[PDB]
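A.B. asks: My questions will all concern the structure given below.
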Amino acid sequence: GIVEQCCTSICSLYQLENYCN
Amino acid sequence: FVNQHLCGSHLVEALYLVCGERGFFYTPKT
């Protein structure tokens, strides 16, 4: 989930946008 | 701001700025 993708590894805009409604 | 390790409030704030009027969901336990 978001923590694994963006906190413990380097985030990206692509990944952040997966969590927008 | 996006291309770094983002944790906790710092991650919530990035979601806020990127998603704008769409809003977002923050689910840390998945």
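Naming scheme: A, B, ... for chains in displayed order of the structure tokens; residues 1 onward per chain; ligands 1 onward as shown.
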Contacts of region 14-21 of chain A at 6 Å or less, counting only C-alpha atoms, minus same-chain residues fewer than 3 places along, as a PyMOL selection string?
C.D. replies: chain B and resi 19+22-25
A.B. asks: Could the residues in this selection be written to a file with N, CA and C atoms, as a tab-separated table (two decimals), in the first residue's frame?
C.D. replies:
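Output saved as result01.tsv:
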chain	number	residue	atom	x	y	z
B	19	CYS	N	-3.81	15.82	-5.12
B	19	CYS	CA	-5.13	15.37	-5.50
B	19	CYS	C	-6.12	16.54	-5.61
B	22	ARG	N	-10.22	16.56	-6.05
B	22	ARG	CA	-10.62	15.16	-6.11
B	22	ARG	C	-10.68	14.57	-4.70
B	23	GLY	N	-9.86	15.11	-3.79
B	23	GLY	CA	-9.66	14.42	-2.54
B	23	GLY	C	-8.86	13.13	-2.70
B	24	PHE	N	-8.74	12.41	-1.59
B	24	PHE	CA	-7.90	11.23	-1.54
B	24	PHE	C	-8.31	10.31	-0.40
B	25	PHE	N	-7.74	9.09	-0.39
B	25	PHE	CA	-7.83	8.21	0.76
B	25	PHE	C	-6.44	7.81	1.23
A.B. asks: At a cut-off of 8 Å, list the chain B residues touching chain A, using only C-alpha atoms, as a PyMOL selection string.
C.D. replies: chain B and resi 2-7+11+14-15+18-19+22-30
